[PDB]
Amino acid sequence: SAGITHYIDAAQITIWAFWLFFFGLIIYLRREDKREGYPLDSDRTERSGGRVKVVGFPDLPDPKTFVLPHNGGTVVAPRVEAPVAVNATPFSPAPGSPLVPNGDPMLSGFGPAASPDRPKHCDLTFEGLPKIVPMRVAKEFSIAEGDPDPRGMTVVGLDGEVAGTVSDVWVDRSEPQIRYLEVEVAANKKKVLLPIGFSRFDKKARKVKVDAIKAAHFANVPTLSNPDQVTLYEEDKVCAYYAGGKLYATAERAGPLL
Amino acid sequence: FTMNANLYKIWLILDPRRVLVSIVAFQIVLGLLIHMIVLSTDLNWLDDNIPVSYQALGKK
Amino acid sequence: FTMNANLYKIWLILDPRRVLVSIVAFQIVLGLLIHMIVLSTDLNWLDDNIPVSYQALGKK
Amino acid sequence: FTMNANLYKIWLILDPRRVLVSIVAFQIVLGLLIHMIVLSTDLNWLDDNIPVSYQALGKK
Amino acid sequence: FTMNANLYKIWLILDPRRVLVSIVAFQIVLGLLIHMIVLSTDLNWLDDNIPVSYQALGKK
Amino acid sequence: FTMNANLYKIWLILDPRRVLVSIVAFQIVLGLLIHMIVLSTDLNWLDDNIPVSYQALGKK
Amino acid sequence: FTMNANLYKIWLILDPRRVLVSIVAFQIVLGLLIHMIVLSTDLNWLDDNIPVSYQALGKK
Amino acid sequence: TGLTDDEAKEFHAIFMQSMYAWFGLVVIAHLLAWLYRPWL
Amino acid sequence: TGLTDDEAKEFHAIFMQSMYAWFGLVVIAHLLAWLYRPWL
Amino acid sequence: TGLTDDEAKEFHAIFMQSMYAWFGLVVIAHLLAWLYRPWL
Amino acid sequence: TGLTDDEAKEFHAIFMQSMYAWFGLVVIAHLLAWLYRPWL
Amino acid sequence: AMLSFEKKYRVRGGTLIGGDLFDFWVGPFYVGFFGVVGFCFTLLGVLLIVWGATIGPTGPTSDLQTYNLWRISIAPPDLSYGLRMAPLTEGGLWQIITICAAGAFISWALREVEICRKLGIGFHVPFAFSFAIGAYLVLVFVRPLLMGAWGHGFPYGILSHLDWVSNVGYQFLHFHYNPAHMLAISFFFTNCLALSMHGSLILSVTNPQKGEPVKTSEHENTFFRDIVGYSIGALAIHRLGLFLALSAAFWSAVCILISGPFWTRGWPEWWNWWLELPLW
Amino acid sequence: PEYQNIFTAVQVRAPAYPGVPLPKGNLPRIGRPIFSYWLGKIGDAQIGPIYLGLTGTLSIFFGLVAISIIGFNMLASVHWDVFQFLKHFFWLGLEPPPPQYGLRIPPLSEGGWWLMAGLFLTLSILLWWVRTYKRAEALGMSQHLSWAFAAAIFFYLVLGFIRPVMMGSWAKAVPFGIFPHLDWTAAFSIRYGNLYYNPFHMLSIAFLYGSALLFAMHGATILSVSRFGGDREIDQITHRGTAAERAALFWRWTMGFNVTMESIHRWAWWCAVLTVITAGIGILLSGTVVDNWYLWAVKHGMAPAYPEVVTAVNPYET
């Protein structure tokens, strides 16, 4: 008998092996996925006083340690993070309801204005010099031939009003580029950072538009504990404020449209 | 049982936890592979009609 | 269900707004679904020529 | 006391302007749908030749 | 068993709400599903022509 | 069939500019939709030619 | 033997709240699985025409 | 939801009038449709 | 979960009766459906 | 589960009769279905 | 872990009979299944 | 439930439509007015694919009816129907499921939009999503329209749609010669390359050899500069990858848009314009 | 309105960077940098220096040899008419040894240039492999690239060398030409009864589509959180910022779950390596194990049936 066709061929079983390796892969990737934000926030946890820490399937992976270079530290993941109050109040007492920011929305530090507490230290070059520093601290840097020098352009907010003028340019000493625009504010001549991401140029006019906030809001830009360098804490703090204006800076960004 | 004697010192070099799990995996796998090798050869024992054919227990 | 007089207490458990929207959507789609299923079978009520032929009220 | 005497109270749970907008949207969508559904069966009123065939009013 | 319980303690273990919503969603799903399973077999109740054939009840 | 008209108040709740363009857009789209529906059906005016189909003005 | 000296404390190692859910889901999934598997072979219990064929043997 | 119990009688009053107006308009269209072309 | 034990008293009544109304129109519609066209 | 020993008696109390309600309508529909059209 | 030694006795006890309640429903159904429809 | 840092952002407002009406969360998903339209479109779409599977091409009792996942398939109407709505059980169903799919993808896109407005992030993602929505539309709306009939659309079935691709592909004899096809394929392959390179990099620096600390930007640039004399840099690599994948989708959309409506001959024949230039 | 971080609108220069320093043994670096205002318009404007060791030189060497055999051969097929070479270039190619020869080393005029170009190409690709492992070690980094390159090398090897040796015939490897290698692809599917029904080729296709999906999604994300320096992924990985937060949340609120700044790079990594690895497996079973995939799909009941509305009588059966 030389014809007993087997119903099982290498192609079936290779498709079997694959799916098994697959499932293990998926599972694993979802585990690396819980090295942050976990366990979750329910009132399942609060109701039970915490006896239901929310982690789901799969579960959380044993911590991993990152050894920052330069006497920098050591970070772990997953970690235990201290809760932080919410600077807002429930739009409804029902769960899943959004919260309204407390007080003046741009000040709230809630919503598009919220942000975490990153180190109060500076990111560093390879050598260990403050990575992000101004061109005034980073002597070498230079505009690229054929690019308007931002230095001296007028910074202008979302409504038209002048905001200030570019007093300097902050650069990456690691990957040479403009990261932050410095702004001598008109209303008080204080110096603030302006993330490049929020800034549009109008080279033919030497203006630097900013849809984010109004010219006035530039007065409240979060500040630097040193005008010649900036910490991780301070960057988030700077940007999130402008970001808040995307939903706050006007009595209309709140939406609807209809 | 090394078989003599300072070949224990090998676990002074290669993490015992890692070596163990490694072997567990390697075997748990190899078993599946060779099983499949046997399933496609003369040593196959399932789609053989051994010792009496089962799809000819009725018709299909 | 909750049919033991204390079946109001269910709303300390299930949010009225969210449950409301769910009921609404589920009902609307359910309606559309069942409608097309019936329109898709012999119980069709459109493709019957009711009560007198309409494609012989224009074509040929 | 019966009901339909405190059912205005519904706008204390559902914001009135938006409820209007949603209703209108549903009306537009349901409208096009139903039209297409009717057009999808024999009661169709366009590819019917009313009152005289137009696809044969382009050759004779 | 003539045994409707032992200990009702389960709601000290499983969130009453979660089980609630789950039962509702899954049941609605099982319902639609099985409905579909039955409509696809001989046990069909729509395309049966019940109680007398309808597409051959009028002109065609 | 109640008593309050005064339905001008509608623009105190609904933004006029956006409503304006919304109707504008919807009207152009509904326009295209309808045009494509009739042109694809019997009431067609293009795939005909009056008083004679024009590419059958010459066969050659 | 095979007598299990202490299968309590098993809930001191494995969080029970989890364990139940584990079992429930696993059983519903396995249930559907086996159901469909039996549905796909000869052991089918739906498409049998019980007790009289319903299509074209069912009054109509 | 920024309404009083009295600003929910009013909106409701005009809403009801308008919706019934719409449904009415609909019943009219359904009569023309029914006269020229009964569907049952 | 937004409500008190007393407001979960209020919501529930209107909820139950309107759901019953819906069910009424539906069952009614079904009896109507049954006369003009028996399906079972 | 942040509920008391009394409201897990209660929840259980109303829940069981409820599931029993569902089961009732279920057995109803299934016997009626077996009567009109046997499947096994 | 997050139980006392007394409530895993309590939990296990309730658990086993509950499980067997399930096994019972199953062997019963399989008995039914085996009677109407023997498979081997 | 929320991430351990989520509550602080779960602000009110940002809609386009609905306002506080549907301005809430469910589990981790954001609802919004478009989540509701989306869920409705989606649910009816799927529930109808279930009914199509239920009925089969010749009726629920025929042998072509099936619930097997590889083979369930819902196909368009014949070409004889043109752009008209065709009877339900003759491809009508497929048309409605399509309307639902287009509406669901568009709702999904608009809901990602409200989510950008809430979180205050750029709207690069739903714009990028819109490229897939576009490709889907050419494959069901644009091409079959330009082609005077909706039947030119692909059927919705796992392998049967593969068959559609196959025979449509083969009407042009050797599809590989479609030049836009050549582009799109180039991007799909290169995209897959940069992604493997970025992926590899991030993971190679944040987790270096034991005995080494998280690596640096300087390392990053130095490695790919070491290997290939160039490093596009961190920001931009994220920019490129977005370019490649969106373009890959683009050229797929154009390569199929021209296969019919603007070209009917075999595709290798297209390359004739090159052998006939007055240079040779 | 808002900058999109598509085009660097205002650049800055600084003296070029020779890079982090390599240990003893790792040779000097060569070439001295330049800047392209235009690369700069979209990315790091710095061009080079480059590293070249024994490895790098032996790889550039083999690789260029292989490029010459293929090219010179193509000029020969048009009679040394560089014009004609230019005209039909796309269609030119260097075909493989004929089957008549099996796996024997063939005469120059009958395929031997292909075996030599195939040989030299492979050695040069695998030398570039070693190159990236060396360049990756000099930096203390890990071999994640090398595990991927090794996967793509896997597919390559399966295509032109492994399957051929297994099938006992150099004529089964792919020929070097644009249009020629496209044709090789189509003929390959045809010869084995339509490759669409090959499960592995379906998976490889899900994974290619997935590399486009993930990189487009992630990439769009990083740009949308570019405003918060999300591009600076390394520190968002060590020290989570509102970029990584807004990022994880956009997706969380959208599709119900999410990843992290570190993990997305693993989903993406694993998705790419998977393409090539299903892909190679896919070519491995063709002819070695399965000869007609459509039939295979029928045997496993996966091919759909359609009402047979058009059919043709079999002359072979008359």
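Note that the chains take the letters A, B, C, D, E, F, G, H, I, J, K, L and M in the order they are written out, and that residue 1 is the start of every chain.
Heads up, the rule we're going with is that contacts are C-beta pairs under 8 Å (C-beta built on N, C-alpha and C of every residue); 3 or more make two chains touch, one makes a residue touch a chain.
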| item | value |
| --- | --- |
| Far-end chain from chain J, centres as C-alpha averages | M |
| Chain whose averaged C-alpha position falls nearest the assembly-wide average | L |
| Separation of chain F from chain G, taking each centre as the mean of its C-alpha atoms, in whole Å | 56 |
| Interchain centroid distance [CA atoms averaged], chain B/chain J, Å | 50 |
| Gap in Å, rounded to a whole number, between the CA centres of chain G and chain B | 31 |
| Distance from the mean Cα position of chain J to that of chain E, given in whole angstrom | 13 |
| Shared interface positions of chain I, touching two or more other chains | 1-2, 13, 37, 39-40 |
| Where chain A touches two or more other chains, by residue | 7, 10, 36-37, 44, 51-52, 66, 68, 92, 94-96, 114, 116, 126, 175, 177, 243, 256-258 |
| Two or more partner chains touched - positions in chain E | 9, 13-16, 39, 41-51, 53-54 |
| For the chain D and chain H complex, residues of the former touching the latter | 8-16, 20, 43 |
| Chain G to chain J touching residues, read off their complex | 45-46, 50-51, 54 |
| Of chain H, residues touching chain F in the complex | 10, 13-14, 16-18, 20 |
| Interfacial residue positions of chain D with respect to chain F in the complex | 17, 28, 32, 39, 46-49, 53-55, 57-59 |
| Residues of chain L defined as touching chain F within the complex | 82-84 |
